[PDB]
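Given as structure tokens, the chain that follows is alone and in the form deposited in one PDB entry.
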């Protein structure tokens, strides 16, 4: 693509009524509390306007905005971590920028310079540094969004777009820093994405249809959805997380496996990070390969499965203890195996994310 929008931006406008911050231990359900400022950048015929940090405020959109009629919208999700020493760091933000730009191109939305956006986010997080908690397992969620915005009903490439970023302080995913497993509903009737589709982009359209399915999972007594694909019932991803299986494969070899990027699953940043980390250790086979329900079943009977977990920004490494498939509950022995791999992954990530050990994956303040 081409380039635009930069570092030196159309200033800062600070809030006149800084909101009261969550209180120790009680507060924040995820995504309900927002900080004082936000980033906004407009794009049109004149190209990109100047970036701006402004008080958190509502958006003003023409009723025919393509963002609301034809889902010309994409978003990202990443976290900034504060380790007392009060230093704040973003976890591998570049991968989120790479992903956002790919999503933008898929929807014919305007390209932007990945590094300028990162610096702009850096400046915003800076203004709201104090919203960044520091208690154990807490963080600041960063939500960048790009939407089409042509006041036209034709389905077409917008000639106007808006980019914005808001922040949410977040509690520790696991109550008081424990770790609890989830149960998953695995029903083939449900299909999140298709080959040749857009499941590998973080487009809002991928999410809206899952609301009803997640409701079913709850009614069937499960907490999240394990999305299956194909006549083969391949495991693809779980909820808003990639899925991993640690077991002794059929050839007698102990491995950490996860579905490959074939176009149906989202290239998760945590997923890539767990692959990287495990390969680096070099203690067992690490591979990206298709996993089927049929293989999972035979593995569980022979006692070859050690741990199964989801990976994502919300819950970096999430153990799974049960899967309800075809009306029959499969017990997943994850917790009775430690869960050793999961705990090491969490510790390594904690040490890296909270600055206790230097690492190129972290981006300062």
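Between two forms, the rigid core is the largest collection of C-alphas that superpose within 1.5 Å. Numbering follows the first chain given and starts at 1.
Note that the form deposited in another entry isn't included here; everything after this is about it.
Note: rigid core superposed between this form and the one not shown; among 75, 207, 194, 174, the CA shift is 2 Å or more only at 174. Once you line up the core between this form and the one not shown, the Cα of residue 301 stays within less than 2 Å of where it was.
Comparing the forms between this form and the one not shown on their rigid core, the Cα displacement of residue 327 stays under 2 Å.
Once the rigid core is overlaid between this form and the one not shown, residue 336 does not reach a Cα shift of 2 Å, moving by less than that.
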